[PDB]
Each structure stands twice: as C-alpha cells, then as structure tokens.
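*Asks:* Sending over a structure as structure tokens; questions will come in a sec.
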Amino acid sequence: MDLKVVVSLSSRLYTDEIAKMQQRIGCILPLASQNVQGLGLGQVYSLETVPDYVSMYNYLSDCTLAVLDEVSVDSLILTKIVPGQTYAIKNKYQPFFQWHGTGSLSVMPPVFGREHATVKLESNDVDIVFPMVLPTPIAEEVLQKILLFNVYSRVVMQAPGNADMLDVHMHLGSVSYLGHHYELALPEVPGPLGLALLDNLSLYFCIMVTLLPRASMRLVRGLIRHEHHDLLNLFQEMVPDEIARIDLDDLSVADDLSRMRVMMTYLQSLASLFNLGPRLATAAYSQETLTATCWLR
Amino acid sequence: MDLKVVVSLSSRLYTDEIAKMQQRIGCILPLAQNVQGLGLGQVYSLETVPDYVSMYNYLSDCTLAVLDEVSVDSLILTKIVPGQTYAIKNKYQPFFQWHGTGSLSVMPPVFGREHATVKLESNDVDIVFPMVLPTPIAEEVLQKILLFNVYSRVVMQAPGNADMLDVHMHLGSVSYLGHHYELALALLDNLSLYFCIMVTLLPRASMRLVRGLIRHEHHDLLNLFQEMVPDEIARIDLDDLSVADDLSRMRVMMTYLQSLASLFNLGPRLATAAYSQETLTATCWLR
Amino acid sequence: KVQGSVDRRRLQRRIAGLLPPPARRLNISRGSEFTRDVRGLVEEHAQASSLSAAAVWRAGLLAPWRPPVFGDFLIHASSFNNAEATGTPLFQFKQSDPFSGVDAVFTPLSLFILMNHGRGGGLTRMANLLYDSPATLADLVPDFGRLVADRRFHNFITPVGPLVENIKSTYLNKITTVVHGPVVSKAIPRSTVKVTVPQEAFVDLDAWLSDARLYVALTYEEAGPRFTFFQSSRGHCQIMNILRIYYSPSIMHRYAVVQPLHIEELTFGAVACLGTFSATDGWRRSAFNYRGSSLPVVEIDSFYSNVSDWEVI
Amino acid sequence: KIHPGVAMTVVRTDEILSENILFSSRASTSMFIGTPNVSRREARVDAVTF
Amino acid sequence: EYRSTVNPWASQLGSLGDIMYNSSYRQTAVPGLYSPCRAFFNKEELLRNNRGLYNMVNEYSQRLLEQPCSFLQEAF
C-alpha cells in the first residue's frame, strides 16, 4: 500500500507561493490518476466557464482524493485515500465549520467563493482551487439549495413581471447554520450537466408521482382538522386543491403494498443519486488540535 | 492490530447477567471506554420517548461493535473495520432467517423494545442490540410497520375509513424465501408523519419540477415519454401560491426527501458470504 | 574492476533488515523438539510485551496478505458443465425452498440460455452447444415468467464473484467461489487467477464515452431480459447517471409499445458492481473454445471482487 | 470529374522515425548519485515484493 | 415387457399427476411447503438421476452425495 505519491512540476515554485502552499498543509486535493495540469480542480473549474458546481462535482466524485502533506520547491508530495486507512485532516478552510458532533465529513467544490480555496501558481500556467470539506447535513442542504437556485433562476427570469429576481438571492441566501450564516456563490445559468442532473431528478419525480399513497392524505387532512402541528406550519391551516381532489376515492389495503414497494426501490435509487461524491466517516475528532481522523466510508 | 475495545463495568455483576451475555455474545451493538454511552442506551432511556430518527441518526453517526466477552468487571468487545471479515451469529429475539442473503441491514428493533433491551438492577446502563435482519426482510417489515402505524393513526382520527382484519390478513405477514413470518403490534408515528408530509408535498414539488424541466430539451424522446405518463388530475394548481411559501415548501421537501432516502437505505449495510446453519453463524464484512 | 552506483552489501543488509520474521513452527513430533518451540513462544511473547526497546522493535518489524473469504456451494453436476473456464462469475439464484439440499448458481452462458428460452451471434450457438437443453435451467428456476413479470428478478440473483475451485463429480458438483477480497487460488496453490467474461455480453462504457471497477448490468428488454457487463474507471457514485444515459436510446424506443398494469414493469434493469481490478493491468482478449467451435473471451487479472447490491436504473 | 469551382490546399502531417546523433561536451553536467533504499509494496500471499 | 403403463393418470407428459406436481405448472405455489412426489414427477430430477446412475456405472467401468436410497427412483 503506497501513499507517498509525488507530483513533479516543471518550473520553479517561487517563495510567494511556497508560503501559502505550506499554509495549506493537511487539506484535501483531488487527483488526476504527475503532470502539472489536471492535479486539482482548476482543470474543470476555469474562469472562462460558469461556476456550475456539478461538472466539478462530477470530477470530485469520479476521481479519487488526496491529502497534501509536504510542499517542496519544484515538486510536491501527495498522499492518497485508499480505504481501510485512518487519515488525519486539519480544518484549514476559510469558511470555518466547527465539528462538534463529529459527523461524517463530506467533500464539496468551493461554492463559497473561488477566492478562499484558490492558490495562485505562477510557476506554471495553472491555478489550483481546493475542494471544500464540511459535515454531511450542511453539504446536503448546500446541494439542495444550489439545485433549487439552478432550477428557479430560469423560472423567475421566465416571468414577464420579474419584479422580484432578488427574492431568491436572499431567500436561499446564506447557508442555514446557527452560530453564523455563510453566504455562497450563485450561478445564473445551471450549465449542461447540472441540467442533466435536474433532468434525471425530474424523471424520478414524475415516475414516483404516478404512485402516491392515499393513506397519509387522510392523516394530514385529519391533522389539518385537528390542532395545527408545528410541522404543519407550512400549510397555515389550508387544504390546497390537489390534496382535496386526490381524496375523492377510498382507502384500501391492495394498492398500498405495491405503492410502498416501488417507493422503497425508488427512494433507494434516490439515495444512490444523493450518495453523491466521496464521503468520510469520522471517529475521534480531537478538537484541541483540530484533527478529524477519518477512514474512507 | 488489536481491534478489541475494553470497557470497565462500574460495580460487580451476578448470574443472569452472565446468562444474558451468553445469550447476546453473537449479536452486536453500536459504539460511541465510557460504560454509560456504549450503544443505544442513551436513546432507550424512558424519560424521553424512544424515537426512530434520533436513534437512527445516532446509529449512522457512531460506529459498530461486536461484543465478545463479559468477565466480573470487563466488557471485551471488538469494533468494525471495513477491512477484514468477522464472524456473526443471530442471537436475536426474532430468530428470522439466513438463506444466503448477500445484503444485510442493521435496524433498531421495531418488533420489541424489551425484546433486545437487557436490564441490570445493579447497573442502570440498559444496553440494547439493534436487530440485524436481511434486506428483503428489512424492507418488508419496515413497510408493514409504517403502513400499520399510518392506518392506526388514521383510525384514531376517523375509524370509519380503515379496518383491522383485512390489514392483519396481509400487512402482518412477511413472506420471503419460502418462509412465512408473523408480526403485529410514537417512533413509527413521527417516521410516518415525515413520509406523510413528504408524500403530500411531492405533488406540488413534482409538478413544479416537471414544469421547470418540461421544455429544456425542446424535442426529447425521454422527456416527452416521462411527461406522457403522470396524472392529469395533478398538474393544474401551481401558479396560485406566493414565492416564499413555495420555496419553503420545496426546501422542507428536499431536506426530508434526503433524510427519508438515507433512512430507507438500510444504514449499517453488512454483507455475508457463507452461512452455517448448524452453528448459526456466517462470515461478514462491512460494506 | 570499477564501482557500481549500488553496493551489493548495503542492499543485502537492507533486505535483511526489512525481511519479515519467519512463521512460528511447533513440532508436535518429539518433546525435545516441542520444548524449544514453546520456549521460543514464551520468549517471543516476553520480548513482544515487556516495556523495553524489544517491544517497539518487534512492533515495527511486523508487516501489517490476508486470505479472502470463499463460498462453498453444492450444485447439480447436470445443471452445470465443468468444461467451462475457471474464472467465470457465478450467479447464485436464490432458492425459496428450504427443503433443498443443494443450491443453484449460474454461469453467464446459463442465464444467457435462460433469457433466450424466455424469448444473435455466435455466443447463442455456443451456449446452446454447451448447455444442450434450456429446459433443464428453465424448470430449475421455479418462477421465471412470473418473477420477470413483476420484475424482481434482480434481487433474486445474487452474484458471488468469480469461480476458482471446481471439483468434478457424478452427482452434486461442488464449486468454490471467492466472494469478498482478492481472487486467489485456495486448494490449488495461490499462484494466479483470471476472470473470464463473454465478450459479447461485456462492453466498455468509457469507449462508448470515448482503479478499474466492473459492473454487472441486468436490463429488462421488452421481449425478454439480458445481462451485460460494464467496465469503467469512473465514479462509484457516478455510474448510475452515465448508464442511464447509455440505456436512454433504447428505453422509450422499445417502451412505446408496452404499458404496465397491476402496477409492475417500471423498473428498467438493475446494476451491481462486481468489484475492482487494478488500473495497471488491462483486460486481454482471448478465445474460449468448446469442442464444437470457439468464442472470444475477455481475461481480467488481479481482480478484487467486492460484490455490491443491485441498483435500479 | 468536373471542376467544383473551388481549389483546395490539402495539408498532411508526416511522422519520420529518424535516428539521431547526440553530442555533448566533456564535464558538462555533474550527476549526483544517491544511495538506494528499499521499501515494501503490496505484499501478496505468494510474493513479498520490494 | 407387456404392460406399458399401470397408471394412465400420472405417467403421460401432461396428465393429471404430472400437471399438479411437475414444476412446469407449479409456479403459483408456496415454496416453503414440502411435497414428497416432487422427487418422482419432476422431469429434470428423473433425467438427472438417470444420467447420474449411468455415468457412475460408466465411471467405475472406466476406472479399472446426500442420499443413497434416492438413486433408485422407486418407493417401497
């Protein structure tokens, strides 16, 4: 099991960059397989294209990751992520995320600005942007928020009375966190592969909308007729037309089994579409030195 | 490498504690060492309600462990690496099956709280082992308990719609690989509620997403074929609602669909290779 | 006469330093040969557990070559054919009857003749030539047409990785398959192993795109199913999307004519990952010949079969 | 076989497998020869490779 | 040598004893229950046991298991 994988450069890494590269030791970097381009995320996230956060997410999820351990001049070494090994990762990322509960860590592209996780390489004509590491639920809500903006920018633009384009830019806004709110970067056009992901998600959504369990409709109608639950607060004591008109029929035992069976297989397929990108299960994160020991989950 | 973990018990133990570790040596428990927080003993404390999503997110939070030995004060146990294979038995209060199932599940025991909770009067640690069961058994019993508690709460709202005999004829009898098993009976209530709000928010969210992605590919074979199928009764009532309430609906919808997708995925996913009937053991590795 | 860049003595002592320790013999023959082994054992535990330099020296001296798990099955020697190759990925169909002393597995030629019996090139004649009757495998499986009507054929087929050890008997042939870990030879000595996949049921996903994982793919074609095997070095979690795109030109094109009822038939195929072979070694095409004729076959060396679950497309 | 009214310059690449001649002066570079160290790779059950 | 068949209601390819116990019409049955004449009326079990007896006798001629009593497909 080899880990010490050097990446040979071709020019002199000057001392203006050696300082900030030694500043970023213990972070995570994605691999190509070395050559000076394609080792990082600047090969797929350039300034020429829109920051789409899906094609670079595809490059993060397709190819493996690596810890940066030492940066010499003219060459730097990398340490791979093979499973079964406990890797120690420092939190060296400018939007800070405190790992109190020590959940499963999760890689992300720099959706909180290119400028915090970039490094300027003037040795060779290449720029390297670091992936963002953060726990799983914040990562999943970043995914859902960036796809919601990528599907809703077009339909807010599509209205002729676009009196509120800035409504979603604050409504989505920051990320949802208690101790501090962290604003992110929002692209106007979702690009090709983001739209392919929404296309597959729309495929799955319209297939599962062909089978709805009618039994929960009776329970939510009863909870409307009963006291207003705090989880029901999104309805504000209103029965919409759709839930009022999907309940003209009866409730039986025949449809429910096949409904919930195909809902089991399609929700497992949706988890497989949301098990997206490589994740790191975390045990024994020592806060006093900020090292989260992880094996490849 | 010794993957074994040592836990010192607080006080001295006695006879049926040895009998119940001999009963539960083969079965397994999660992890956080500290003798209070060994497994699910901080969720099954009765001063709070034993909930399913908190226990499930704890079980997915912490690792897993194989209990191996209990002396007068020690708790010899090993944990789970993804690397090498360990030996697993059933030793479970439902004694279900092992017929060559290549995919396993580890769920907290919905069949009985006290069926897997072992209690000591000298040591209040009330430790408990979540039920390991194969994946078709797992999905069949989770369906047949979720729809059962849905029907129970619906009868509690209005008993005139749903009955109990025709649902006990079908939704109480799991059947897998020739074997016909029987099971009947808060945590499933709230789990059902999350599904209840997800399946009632799925109509508006589904028509909004297919109305956003309906004419992206301006003449697609696949997009038109997924548009020809679904409900004509569904795709009418969207444009009436305000913006912020709509996006809050979609946001809560996406959070709980990701939660219920990861929850319908079977959590700790073990995998067996060769099961021996006469010893009641199989070899397993983490997957 | 001159000096090399390497001295042989330094490399020799470096290899002697980095050498693993010998495995501990224990002669049960003579007591004089037994007391030296038990004295070596107690001295080994003493110098491996006492708090001195000996403990850390022996701890650094240890290398961690773990043996993989093996699946021993009993199959009918008439329902199998021992003339097929060794490294064939077997598929144990789940038998619901508990009153069955044996089990049933499937080479790709056997399930190929099952799919052809449920409804080609040279491989269909090769599979008819190897397995002479599809009726044997047809009534071997209890419910074939019903389980393909409800489309749950995929979770009833559990892949058990490649075949390595296969004895030949009259009744009740015994086979041995590696399930998890590296493929290796167990009874026959642990030298080398290959994985034989039929080339006509094995397509490269990345060549269609134009580590190295291997994916088994069931598809439910609208006249009757088919297995295909997919090799791709792409993501473990980004294999569903590309294969959805790959099966996209077929699905509605043959799904316009069919419409389901009593609801089933929405699941169009399911896919598991058989495991990973190394990116260093590629797959080398060869020829698989029965006594009638030959067939092209793909050899995959150095596999690490880690069978995942079937995932619906 | 009529003329299309447009002439075409047709470019083409060509690879020539030449065999070259390298000349270098005396004492041009100064090689520094290291001394080799061994390692341990993925030790399989049949061979422990270095 | 004289009587081709004593029981015409189970010995034909599609007769009564065949169509309820052979696996070609036993699709909608529960597999957990045991049926003792499945060892007698499965066509594949009969061809399998006969070919096994044939190659066992032929193999011992060429030289120079769960149950022995099910070799002879007869009951007592």
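Identifiers in this document derive from the order of the structure tokens: chains are assigned A, B, ..., residues are numbered from 1 separately in each chain, and ligands are numbered from 1 in order of occurrence.
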Skipping near chain neighbours, those fewer than 3 positions away, what residues fall within 9 Å of region 152-165 of chain A using only C-alpha atoms, listed as a ChimeraX atom specification?
*Replies:* /A:147-149,168-169,187-190 /B:212
*Asks:* Those selected residues, please, written with N, CA and C atoms and delivered as a PDB file, in the first residue's frame.
*Replies:*
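Saved to result_5.pdb:
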ATOM      1  N   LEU A 147     -29.262  23.292  -6.275  1.00  0.00           N
ATOM      2  CA  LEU A 147     -30.142  22.813  -7.336  1.00  0.00           C
ATOM      3  C   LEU A 147     -31.455  23.585  -7.366  1.00  0.00           C
ATOM      4  N   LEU A 148     -31.943  24.036  -6.203  1.00  0.00           N
ATOM      5  CA  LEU A 148     -33.144  24.863  -6.172  1.00  0.00           C
ATOM      6  C   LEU A 148     -32.906  26.209  -6.841  1.00  0.00           C
ATOM      7  N   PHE A 149     -31.734  26.812  -6.627  1.00  0.00           N
ATOM      8  CA  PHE A 149     -31.428  28.034  -7.361  1.00  0.00           C
ATOM      9  C   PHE A 149     -31.203  27.766  -8.841  1.00  0.00           C
ATOM     10  N   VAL A 168     -35.079  35.355  -4.394  1.00  0.00           N
ATOM     11  CA  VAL A 168     -34.461  34.055  -4.165  1.00  0.00           C
ATOM     12  C   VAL A 168     -33.017  34.217  -3.687  1.00  0.00           C
ATOM     13  N   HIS A 169     -32.362  35.328  -4.041  1.00  0.00           N
ATOM     14  CA  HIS A 169     -30.959  35.522  -3.688  1.00  0.00           C
ATOM     15  C   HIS A 169     -30.780  35.801  -2.202  1.00  0.00           C
ATOM     16  N   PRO A 187     -24.832  30.804  -9.401  1.00  0.00           N
ATOM     17  CA  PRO A 187     -24.708  30.985 -10.851  1.00  0.00           C
ATOM     18  C   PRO A 187     -26.054  31.166 -11.533  1.00  0.00           C
ATOM     19  N   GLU A 188     -26.063  32.027 -12.549  1.00  0.00           N
ATOM     20  CA  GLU A 188     -27.308  32.381 -13.219  1.00  0.00           C
ATOM     21  C   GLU A 188     -27.797  31.255 -14.123  1.00  0.00           C
ATOM     22  N   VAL A 189     -26.892  30.616 -14.848  1.00  0.00           N
ATOM     23  CA  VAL A 189     -27.215  29.534 -15.775  1.00  0.00           C
ATOM     24  C   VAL A 189     -26.683  28.234 -15.187  1.00  0.00           C
ATOM     25  N   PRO A 190     -27.504  27.183 -15.076  1.00  0.00           N
ATOM     26  CA  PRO A 190     -27.027  25.937 -14.446  1.00  0.00           C
ATOM     27  C   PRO A 190     -26.051  25.140 -15.287  1.00  0.00           C
TER      28      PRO A 190
ATOM     29  N   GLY B 212     -40.544  23.038 -14.610  1.00  0.00           N
ATOM     30  CA  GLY B 212     -39.270  23.691 -14.852  1.00  0.00           C
ATOM     31  C   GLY B 212     -38.428  22.960 -15.882  1.00  0.00           C
TER      32      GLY B 212
END
*Asks:* Could I get the residues of chain A with an atom no further than 12 Å from an atom of chain C, each paired with its nearest atom pair and that distance in Å to one decimal, using only C-alpha atoms, sorted by chain and residue number, as a tab-separated table?
*Replies:*
residue	atom	partner	partner_atom	distance
A:1	CA	C:64	CA	10.3
A:32	CA	C:234	CA	11.5
A:33	CA	C:211	CA	8.6
A:54	CA	C:238	CA	11.4
A:55	CA	C:238	CA	11.2
A:57	CA	C:238	CA	10.0
A:58	CA	C:238	CA	7.2
A:59	CA	C:235	CA	8.8
A:60	CA	C:235	CA	8.9
A:61	CA	C:235	CA	5.7
A:62	CA	C:235	CA	3.7
A:63	CA	C:235	CA	6.4
A:64	CA	C:235	CA	8.4
A:65	CA	C:235	CA	11.7
A:82	CA	C:211	CA	10.6
A:85	CA	C:64	CA	11.9
A:193	CA	C:241	CA	10.4
A:194	CA	C:241	CA	11.9
A:196	CA	C:241	CA	8.9
A:197	CA	C:241	CA	8.1
A:198	CA	C:241	CA	11.3
A:199	CA	C:241	CA	10.6
A:200	CA	C:241	CA	7.8
A:201	CA	C:241	CA	10.5
A:203	CA	C:244	CA	10.8
A:204	CA	C:313	CA	10.2
A:207	CA	C:266	CA	8.4
A:208	CA	C:266	CA	10.1
A:210	CA	C:263	CA	10.1
A:211	CA	C:263	CA	9.1
A:254	CA	C:262	CA	10.2
A:255	CA	C:263	CA	8.8
A:256	CA	C:263	CA	11.1
A:257	CA	C:263	CA	10.6
A:258	CA	C:263	CA	7.1
A:259	CA	C:263	CA	8.4
A:260	CA	C:263	CA	11.6
A:261	CA	C:264	CA	10.2
A:262	CA	C:264	CA	8.5
A:263	CA	C:267	CA	11.3
A:264	CA	C:312	CA	11.3
A:265	CA	C:312	CA	7.5
A:266	CA	C:312	CA	8.0
A:267	CA	C:312	CA	10.6
A:268	CA	C:311	CA	8.2
A:269	CA	C:312	CA	6.5
A:270	CA	C:312	CA	10.1
A:271	CA	C:237	CA	10.4
A:272	CA	C:237	CA	7.1
A:273	CA	C:237	CA	7.5
A:274	CA	C:237	CA	8.8
A:275	CA	C:237	CA	6.7
A:276	CA	C:237	CA	5.9
A:277	CA	C:237	CA	6.6
A:278	CA	C:237	CA	8.0
A:279	CA	C:237	CA	10.7
*Asks:* Just want the 6 Å neighbourhood of region 171-181 of chain C, counted on only C-alpha atoms, with same-chain residues fewer than 4 positions away dropped. Output as a PyMOL selection string.
*Replies:* (chain C and resi 68-77+160-167+304-306) or (chain E and resi 52)
*Asks:* Can I get the selection written as a short mmCIF file (atom, residue, chain, number, x, y, z; two decimals), in the first residue's frame, with C-alpha atoms?
*Replies:*
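Output file again09.cif is given in full below:
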data_model
loop_
_atom_site.label_atom_id
_atom_site.label_comp_id
_atom_site.auth_asym_id
_atom_site.auth_seq_id
_atom_site.Cartn_x
_atom_site.Cartn_y
_atom_site.Cartn_z
CA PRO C 68 -10.16 -13.87 1.21
CA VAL C 69 -13.47 -15.42 2.13
CA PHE C 70 -14.68 -18.33 -0.01
CA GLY C 71 -18.15 -19.51 -0.94
CA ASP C 72 -18.64 -23.27 -0.98
CA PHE C 73 -21.71 -24.27 -2.97
CA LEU C 74 -23.21 -27.61 -3.98
CA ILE C 75 -24.75 -27.53 -7.45
CA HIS C 76 -26.15 -30.22 -9.70
CA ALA C 77 -23.47 -31.62 -11.99
CA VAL C 160 -20.98 -14.47 -5.84
CA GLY C 161 -17.96 -13.26 -7.79
CA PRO C 162 -15.72 -15.46 -9.91
CA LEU C 163 -15.26 -19.22 -9.69
CA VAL C 164 -11.85 -20.56 -8.71
CA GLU C 165 -12.03 -24.13 -7.38
CA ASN C 166 -14.44 -26.52 -9.10
CA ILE C 167 -14.28 -30.25 -8.45
CA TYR C 304 -10.74 -7.69 -6.09
CA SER C 305 -14.33 -8.94 -6.14
CA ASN C 306 -16.41 -6.82 -3.76
CA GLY E 52 -26.06 -39.81 -12.74
#
*Asks:* How close does region 7-116 of chain C get to region 282-293 of chain C? List, as CSV, each residue of region 7-116 of chain C within 9 Å, its nearest atom pair and the distance in Å to one decimal, counting only C-alpha atoms.
*Replies:*
residue,atom,partner,partner_atom,distance
C:83,CA,C:290,CA,7.5
C:84,CA,C:290,CA,7.8
C:85,CA,C:288,CA,7.8
*Asks:* Need to verify the contact set: residue 79 (chain B), 7 Å, only C-alpha atoms, exclusion of same-chain residues closer than 4 positions in sequence. Can you return it as a PyMOL selection string?
*Replies:* chain B and resi 3-4+64-66
*Asks:* Could the residues in this selection be written to a file with C-alpha atoms, as a CSV table (one decimal), in the first residue's frame?
*Replies:*
chain,number,residue,atom,x,y,z
B,3,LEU,CA,-9.3,-4.1,17.2
B,4,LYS,CA,-10.6,-5.1,20.6
B,64,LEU,CA,-20.5,-0.6,15.3
B,65,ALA,CA,-19.0,-3.2,17.5
B,66,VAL,CA,-19.1,-7.0,18.2
*Asks:* Would you mind telling me which residue in D:29, D:13, D:37, D:20 lies nearest to chain C when using only C-alpha atoms?
*Replies:*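 So, comparing all the options, the nearest one is D:37.
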*Asks:* At a cut-off of 6 Å, which residues of chain B touch chain A? Count only C-alpha atoms and give the answer as a PyMOL selection string.
*Replies:* chain B and resi 82-83+154+196+206+210+230+261-262+265
*Asks:* Quick one: residues within 9 Å of residue 139 (chain B), only C-alpha atoms, excluding same-chain residues fewer than 2 positions away - as a PyMOL selection string?
*Replies:* (chain A and resi 261+264) or (chain B and resi 134-137+141-144+264+266)
*Asks:* Got a sec to tell me which of region 143-213 of chain B DSSP assigns to strand (DSSP E), as JSON, numbers by chain?
*Replies:* {"B": [175, 176, 179, 180]}
*Asks:* Can you list, as a JSON list (two decimals) with N, CA, C and O atoms, in the first residue's frame, every protein, DNA or RNA residue that comes within 9 Å of residue 73 (chain E) when you count only C-alpha atoms, leaving out same-chain residues fewer than 6 positions away?
*Replies:*
[["chain", "number", "residue", "atom", "x", "y", "z"],
["E", 39, "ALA", "N", -39.86, -35.37, -5.99],
["E", 39, "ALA", "CA", -38.70, -36.15, -6.39],
["E", 39, "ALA", "C", -39.06, -37.23, -7.41],
["E", 39, "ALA", "O", -38.16, -37.78, -8.04],
["E", 40, "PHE", "N", -40.34, -37.53, -7.58],
["E", 40, "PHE", "CA", -40.76, -38.56, -8.52],
["E", 40, "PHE", "C", -41.31, -38.01, -9.82],
["E", 40, "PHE", "O", -41.24, -38.70, -10.84],
["E", 46, "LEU", "N", -35.74, -36.69, -12.77],
["E", 46, "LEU", "CA", -35.67, -38.04, -13.32],
["E", 46, "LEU", "C", -34.53, -38.17, -14.32],
["E", 46, "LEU", "O", -33.75, -39.14, -14.25],
["E", 49, "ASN", "N", -31.17, -37.97, -12.30],
["E", 49, "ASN", "CA", -30.81, -39.17, -11.55],
["E", 49, "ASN", "C", -30.46, -40.32, -12.47],
["E", 49, "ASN", "O", -29.54, -41.10, -12.17],
["E", 50, "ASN", "N", -31.14, -40.44, -13.61],
["E", 50, "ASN", "CA", -30.80, -41.50, -14.55],
["E", 50, "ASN", "C", -29.44, -41.26, -15.19],
["E", 50, "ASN", "O", -28.64, -42.20, -15.31]]
*Asks:* Could you list the residues in chain C lying within 7 Å of chain D, using only C-alpha atoms, and format the result as a ChimeraX atom specification?
*Replies:* /C:5-6,14,65,190-191
*Asks:* With N, CA and C atoms kept, could you save the residues just selected as a short mmCIF file (atom, residue, chain, number, x, y, z; two decimals), in the first residue's frame?
*Replies:*
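Below is the file that was written, out01.cif:
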data_model
loop_
_atom_site.label_atom_id
_atom_site.label_comp_id
_atom_site.auth_asym_id
_atom_site.auth_seq_id
_atom_site.Cartn_x
_atom_site.Cartn_y
_atom_site.Cartn_z
N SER C 5 26.91 1.99 -8.96
CA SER C 5 26.18 3.03 -8.19
C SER C 5 25.60 2.44 -6.90
N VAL C 6 25.49 1.11 -6.84
CA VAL C 6 24.93 0.39 -5.71
C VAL C 6 25.95 -0.62 -5.22
N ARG C 14 20.02 -4.21 3.78
CA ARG C 14 18.73 -3.53 3.83
C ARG C 14 17.59 -4.51 3.63
N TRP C 65 -1.77 -9.37 3.02
CA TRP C 65 -1.69 -10.77 2.64
C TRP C 65 -2.78 -11.58 3.33
N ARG C 190 -1.81 -20.89 -4.42
CA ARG C 190 -2.14 -19.47 -4.57
C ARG C 190 -1.13 -18.76 -5.47
N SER C 191 -1.25 -19.03 -6.77
CA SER C 191 -0.30 -18.50 -7.75
C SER C 191 -0.91 -17.42 -8.63
#
*Asks:* Select all residues from chain B having any atom no more than 12 Å from an atom of chain C (counting only C-alpha atoms, ignoring ligands), output as JSON, numbers by chain.
*Replies:* {"B": [1, 2, 82, 83, 84, 85, 86, 87, 97, 98, 99, 100, 101, 102, 103, 104, 134, 135, 136, 175, 176, 177, 178, 179, 180, 220, 221, 222, 223, 224, 225, 226, 227, 228, 229, 265, 266, 269, 270, 271, 272, 273, 274, 275, 276, 277, 282, 283, 284, 285, 286, 287]}
*Asks:* In Å to one decimal, how far is CA of residue 29 (chain A) from CA of residue 294 (chain A)?
*Replies:* 15.2 Å
*Asks:* Show me which bits of chain A are within 12 Å of chain D, counting only C-alpha atoms, as a compact mmCIF listing (two decimals) with N, CA and C atoms, in the first residue's frame.
*Replies:*
# COMPACT_ATOMS: atom_id res chain seq x y z
N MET A 1 0.82 -1.20 0.00
CA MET A 1 0.00 0.00 0.00
C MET A 1 0.86 1.26 0.00
N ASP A 2 1.05 1.85 -1.18
CA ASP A 2 1.83 3.07 -1.31
C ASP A 2 0.92 4.27 -1.12
N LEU A 3 1.45 5.30 -0.45
CA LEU A 3 0.72 6.54 -0.25
C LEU A 3 1.52 7.73 -0.75
N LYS A 4 2.85 7.66 -0.61
CA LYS A 4 3.73 8.79 -0.91
C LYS A 4 3.82 8.96 -2.42
*Asks:* Any chance you could list, as a PyMOL selection string, the residues in chain E that come up helix (DSSP H, G or I) when DSSP is run on the backbone?
*Replies:* chain E and resi 16-21+38-41+43-63
*Asks:* Kindly provide, as a count of residues only, the residues of chain E having any atom no farther than 12 Å from an atom of chain B, counting only C-alpha atoms.
*Replies:* 6
*Asks:* So the first atom is CA of residue 53 (chain E) and the second is CA of residue 71 (chain E); what is the distance between them in Å, to one decimal place?
*Replies:*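 Separating CA of residue 53 (chain E) from CA of residue 71 (chain E) is a distance of 7.1 Å.
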*Asks:* Kindly give the distance, in Å, that separates CA of residue 89 (chain B) and CA of residue 26 (chain B), rounded to a single decimal.
*Replies:*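 CA of residue 26 (chain B) lies 4.8 Å from CA of residue 89 (chain B).
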